[PDB]
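Only one chain is shown below, in structure tokens, and it's the form deposited in one PDB entry.
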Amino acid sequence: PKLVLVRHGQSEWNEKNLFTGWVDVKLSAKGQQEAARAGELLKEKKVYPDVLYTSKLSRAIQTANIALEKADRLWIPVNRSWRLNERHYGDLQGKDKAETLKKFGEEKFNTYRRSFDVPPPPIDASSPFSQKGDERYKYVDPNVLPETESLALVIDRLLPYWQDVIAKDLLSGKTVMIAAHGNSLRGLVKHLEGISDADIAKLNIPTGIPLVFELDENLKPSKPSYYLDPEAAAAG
């Protein structure tokens, strides 16, 4: 089995230092260029996904699209899941990152930001930045949909989708591409490689460079993962 991970480029909210989470912000101008770059790289390195999986967030879907266009594999079957979404950013959604750094303190900031299991505070249902009741989730059990998340919770909800849905395709011989987010992709990597809960806070997946994993029959790295641009990704 062959799997390809792609982290979308920057979000418009990202360019203005705002916490996005499940807010459906779109890609930035350079975000869009990285998508082309990612697709460009996909073609260059001869990696052809047979299927596409994306979250329900437009910034990821755009990336997948601009990338497949450039890769010449737009015809590919596509499935989307709330499960591959970014980490819900609780009450922190839509708030300035420099400003949240001074509201709380570095300690509590890195907790609400990088605590493996401490999610930001729950966002109020009436806040303009909560998507509780959003059209794209009307068919999902209302109760599973979070109002805040941590990488811990994210992994919980991501794994089933990988176990049943994504895995069936991998096990069928198809090459899959997953256009997703930072925390959602980070969670799959932690799981995919066997990284401790204390170490996961140090791994960051760069945006715009396809990360490939050649998996064995048990869906585990048969060889080490690789970026299609080891040089750019190496930078950090």
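Residue numbers run from 1 along the displayed sequence.
Beyond the structure shown, there is the form solved in complex with a small molecule, which is absent from this document and is the topic of what follows.
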Segment assignment from 111-119, 70-78, 155-163, 141-149: heavy atom within 4.5 Å of the small molecule in the bound PDB entry: 111-119
Exercise: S172 in contact with the small molecule in the bound PDB entry, heavy atom 4.5 Å: no
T54 within 4.5 Å of the small molecule in the bound PDB entry, heavy atoms: no
Partner proximity in the bound PDB entry: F19 to the small molecule, non-hydrogen atom cutoff 4.5 Å: yes
Contact label in the bound PDB entry: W13 to the small molecule, heavy atom within 4.5 Å: yes
